[PDB]
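This is start.pdb. It holds PDB, C-alpha atoms.
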MODEL        1
ATOM      1  CA  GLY A 446     -13.957 -26.227   0.297  1.00  0.00           C
ATOM      2  CA  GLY A 447     -14.117 -22.974  -1.650  1.00  0.00           C
ATOM      3  CA  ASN A 448     -13.092 -22.295  -5.238  1.00  0.00           C
ATOM      4  CA  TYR A 449     -10.182 -19.919  -5.734  1.00  0.00           C
ATOM      5  CA  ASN A 450      -9.760 -20.256  -9.497  1.00  0.00           C
ATOM      6  CA  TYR A 451     -11.757 -17.099 -10.254  1.00  0.00           C
ATOM      7  CA  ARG A 452      -9.788 -13.877  -9.880  1.00  0.00           C
ATOM      8  CA  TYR A 453     -10.154 -10.214 -10.766  1.00  0.00           C
ATOM      9  CA  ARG A 454      -7.896  -7.213 -11.244  1.00  0.00           C
ATOM     10  CA  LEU A 455      -7.561  -4.950  -8.223  1.00  0.00           C
ATOM     11  CA  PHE A 456      -4.861  -2.369  -8.969  1.00  0.00           C
ATOM     12  CA  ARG A 457      -4.211  -0.271 -12.063  1.00  0.00           C
ATOM     13  CA  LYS A 458      -2.543   3.049 -12.765  1.00  0.00           C
ATOM     14  CA  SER A 459      -5.479   4.241 -14.872  1.00  0.00           C
ATOM     15  CA  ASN A 460      -9.025   3.239 -15.699  1.00  0.00           C
ATOM     16  CA  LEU A 461      -9.884   1.082 -18.694  1.00  0.00           C
ATOM     17  CA  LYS A 462     -11.218   2.192 -22.047  1.00  0.00           C
ATOM     18  CA  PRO A 463     -14.536   0.676 -23.146  1.00  0.00           C
ATOM     19  CA  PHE A 464     -14.214  -2.876 -24.473  1.00  0.00           C
ATOM     20  CA  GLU A 465     -10.587  -3.039 -23.328  1.00  0.00           C
ATOM     21  CA  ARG A 466      -9.026  -6.266 -22.063  1.00  0.00           C
ATOM     22  CA  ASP A 467      -6.069  -6.132 -19.676  1.00  0.00           C
ATOM     23  CA  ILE A 468      -4.186  -9.356 -19.010  1.00  0.00           C
ATOM     24  CA  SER A 469      -0.887  -8.031 -17.688  1.00  0.00           C
ATOM     25  CA  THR A 470       0.285  -9.750 -14.495  1.00  0.00           C
ATOM     26  CA  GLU A 471       2.947  -7.514 -12.963  1.00  0.00           C
ATOM     27  CA  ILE A 472       3.815  -6.342  -9.473  1.00  0.00           C
ATOM     28  CA  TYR A 473       2.059  -3.083  -8.631  1.00  0.00           C
ATOM     29  CA  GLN A 474       4.154  -0.430  -6.896  1.00  0.00           C
ATOM     30  CA  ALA A 475       1.965   1.357  -4.358  1.00  0.00           C
ATOM     31  CA  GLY A 476       4.908   3.212  -2.809  1.00  0.00           C
ATOM     32  CA  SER A 477       8.050   5.115  -3.732  1.00  0.00           C
ATOM     33  CA  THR A 478      10.412   2.147  -3.870  1.00  0.00           C
ATOM     34  CA  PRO A 479      10.960  -0.318  -6.735  1.00  0.00           C
ATOM     35  CA  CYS A 480       9.490  -3.745  -6.065  1.00  0.00           C
ATOM     36  CA  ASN A 481      11.678  -5.668  -8.541  1.00  0.00           C
ATOM     37  CA  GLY A 482       8.972  -8.290  -8.979  1.00  0.00           C
ATOM     38  CA  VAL A 483       8.834  -9.087  -5.260  1.00  0.00           C
ATOM     39  CA  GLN A 484       5.639  -9.137  -3.214  1.00  0.00           C
ATOM     40  CA  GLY A 485       6.149  -7.297   0.046  1.00  0.00           C
ATOM     41  CA  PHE A 486       5.665  -4.014   1.854  1.00  0.00           C
ATOM     42  CA  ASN A 487       3.801  -1.603  -0.448  1.00  0.00           C
ATOM     43  CA  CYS A 488       4.189  -4.077  -3.335  1.00  0.00           C
ATOM     44  CA  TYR A 489       1.007  -6.014  -4.059  1.00  0.00           C
ATOM     45  CA  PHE A 490       0.038  -8.569  -6.656  1.00  0.00           C
ATOM     46  CA  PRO A 491      -2.583  -7.085  -9.007  1.00  0.00           C
ATOM     47  CA  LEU A 492      -5.015 -10.022  -9.094  1.00  0.00           C
ATOM     48  CA  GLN A 493      -7.245 -11.159  -6.234  1.00  0.00           C
ATOM     49  CA  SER A 494      -9.059 -14.470  -5.848  1.00  0.00           C
TER
ATOM     50  CA  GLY B 446      -7.413   3.530   0.878  1.00  0.00           C
ATOM     51  CA  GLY B 447      -7.345   0.078   2.422  1.00  0.00           C
ATOM     52  CA  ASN B 448      -4.384  -1.129   4.460  1.00  0.00           C
ATOM     53  CA  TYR B 449      -3.018  -4.156   2.608  1.00  0.00           C
ATOM     54  CA  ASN B 450       0.268  -4.492   4.511  1.00  0.00           C
ATOM     55  CA  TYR B 451      -1.134  -7.122   6.901  1.00  0.00           C
ATOM     56  CA  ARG B 452      -1.212 -10.717   5.683  1.00  0.00           C
ATOM     57  CA  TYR B 453      -1.886 -14.163   7.095  1.00  0.00           C
ATOM     58  CA  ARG B 454      -1.319 -17.779   6.142  1.00  0.00           C
ATOM     59  CA  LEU B 455      -4.182 -19.519   4.369  1.00  0.00           C
ATOM     60  CA  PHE B 456      -2.888 -22.834   2.982  1.00  0.00           C
ATOM     61  CA  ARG B 457      -0.686 -25.396   4.703  1.00  0.00           C
ATOM     62  CA  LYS B 458      -0.137 -29.141   4.566  1.00  0.00           C
ATOM     63  CA  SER B 459      -1.169 -29.680   8.191  1.00  0.00           C
ATOM     64  CA  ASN B 460      -1.742 -27.867  11.464  1.00  0.00           C
ATOM     65  CA  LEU B 461       0.957 -26.287  13.599  1.00  0.00           C
ATOM     66  CA  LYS B 462       2.633 -27.615  16.695  1.00  0.00           C
ATOM     67  CA  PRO B 463       2.048 -25.282  19.655  1.00  0.00           C
ATOM     68  CA  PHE B 464       4.328 -22.235  19.749  1.00  0.00           C
ATOM     69  CA  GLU B 465       5.586 -22.782  16.201  1.00  0.00           C
ATOM     70  CA  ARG B 466       6.037 -20.116  13.530  1.00  0.00           C
ATOM     71  CA  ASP B 467       6.339 -20.603   9.775  1.00  0.00           C
ATOM     72  CA  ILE B 468       7.685 -18.110   7.245  1.00  0.00           C
ATOM     73  CA  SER B 469       8.090 -20.124   4.031  1.00  0.00           C
ATOM     74  CA  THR B 470       6.441 -18.467   1.026  1.00  0.00           C
ATOM     75  CA  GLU B 471       6.557 -21.195  -1.597  1.00  0.00           C
ATOM     76  CA  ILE B 472       3.571 -21.934  -3.808  1.00  0.00           C
ATOM     77  CA  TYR B 473       0.882 -24.342  -2.615  1.00  0.00           C
ATOM     78  CA  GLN B 474      -0.042 -27.233  -4.908  1.00  0.00           C
ATOM     79  CA  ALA B 475      -3.742 -27.727  -4.222  1.00  0.00           C
ATOM     80  CA  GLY B 476      -4.021 -30.104  -7.175  1.00  0.00           C
ATOM     81  CA  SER B 477      -2.303 -33.111  -8.747  1.00  0.00           C
ATOM     82  CA  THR B 478       0.031 -31.147 -11.022  1.00  0.00           C
ATOM     83  CA  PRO B 479       3.351 -29.460 -10.169  1.00  0.00           C
ATOM     84  CA  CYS B 480       3.059 -25.681 -10.158  1.00  0.00           C
ATOM     85  CA  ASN B 481       6.741 -24.780 -10.699  1.00  0.00           C
ATOM     86  CA  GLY B 482       6.386 -21.819  -8.345  1.00  0.00           C
ATOM     87  CA  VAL B 483       3.809 -20.129 -10.585  1.00  0.00           C
ATOM     88  CA  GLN B 484       0.353 -19.040  -9.465  1.00  0.00           C
ATOM     89  CA  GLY B 485      -2.423 -20.487 -11.586  1.00  0.00           C
ATOM     90  CA  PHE B 486      -5.009 -23.242 -11.793  1.00  0.00           C
ATOM     91  CA  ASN B 487      -5.059 -25.142  -8.486  1.00  0.00           C
ATOM     92  CA  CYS B 488      -1.878 -23.299  -7.448  1.00  0.00           C
ATOM     93  CA  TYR B 489      -2.292 -20.441  -4.988  1.00  0.00           C
ATOM     94  CA  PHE B 490      -0.019 -18.193  -3.001  1.00  0.00           C
ATOM     95  CA  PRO B 491       0.048 -19.326   0.650  1.00  0.00           C
ATOM     96  CA  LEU B 492      -0.684 -15.838   2.024  1.00  0.00           C
ATOM     97  CA  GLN B 493      -3.660 -13.477   1.927  1.00  0.00           C
ATOM     98  CA  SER B 494      -3.832  -9.764   2.671  1.00  0.00           C
TER
ENDMDL
END
Output the file's structure in the form of structure tokens.
Amino acid sequence: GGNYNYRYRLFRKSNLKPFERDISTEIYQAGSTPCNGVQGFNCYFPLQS
Amino acid sequence: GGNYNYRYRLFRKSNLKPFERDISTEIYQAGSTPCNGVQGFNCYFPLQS
């Protein structure tokens, strides 16, 4: 049926330092409008399955 | 950069009647545990970009 438990980060403001772990799960603002924690136009979830 | 503003339904309880449209965006419980509207193990968002 397809596993969807495994996910990876897709969006970040900046790259990661070596041996750095990022676990933050917050709405990513790709535009010039606040997202207010709402997925929508130009407001994407950071993790992808 | 990748247009991510186009999304489609991926999970639903059953098929659609002809000429029917659905817009609900509540979490999908793929397992035997309530998800409380939180993405996680066996709980996925119904839409994909």
### Task
Can you turn the PyMOL selection byres ((chain B and resi 448) around 12) into a concrete residue list for this file, as a ChimeraX atom specification?
/A:475,486-489 /B:446-447,449-452,494
Now that the selection is made, can you save its residues with C-alpha atoms as a JSON list (two decimals), in the coordinates of the input?
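Once everything was written out, this is out16.json:
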[["chain", "number", "residue", "atom", "x", "y", "z"],
["A", 475, "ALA", "CA", 1.96, 1.36, -4.36],
["A", 486, "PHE", "CA", 5.66, -4.01, 1.85],
["A", 487, "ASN", "CA", 3.80, -1.60, -0.45],
["A", 488, "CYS", "CA", 4.19, -4.08, -3.34],
["A", 489, "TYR", "CA", 1.01, -6.01, -4.06],
["B", 446, "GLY", "CA", -7.41, 3.53, 0.88],
["B", 447, "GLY", "CA", -7.34, 0.08, 2.42],
["B", 449, "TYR", "CA", -3.02, -4.16, 2.61],
["B", 450, "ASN", "CA", 0.27, -4.49, 4.51],
["B", 451, "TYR", "CA", -1.13, -7.12, 6.90],
["B", 452, "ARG", "CA", -1.21, -10.72, 5.68],
["B", 494, "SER", "CA", -3.83, -9.76, 2.67]]
### Query
How far is it from CA of residue 472 in chain A to CA of residue 479 in chain B, in Å with one decimal?
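One can read the CA of residue 472 in chain A to CA of residue 479 in chain B distance as 23.1 Å.
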### Residue members of the PyMOL selection byres ((chain A and resi 454-457) around 6) in the file shown, as a VMD selection string
chain A and resid 453 458 to 459 491 to 492
Box along x, y and z, 3 Å on every side, all listed atoms of range 448-455 of chain B inside: centre and edge lengths in Å to one decimal, as lines of an AutoDock Vina configuration file.
center_x = -2.1
center_y = -10.3
center_z = 4.9
size_x = 10.7
size_y = 24.4
size_z = 10.5
### Task
Using CA of residue 493 in chain A and CA of residue 493 in chain B as the two end points, give the distance in Å to one decimal.
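Distance reported for this atom pair: 9.2 Å.
Put simply, CA of residue 483 in chain B is 28.3 Å away from CA of residue 462 in chain B.
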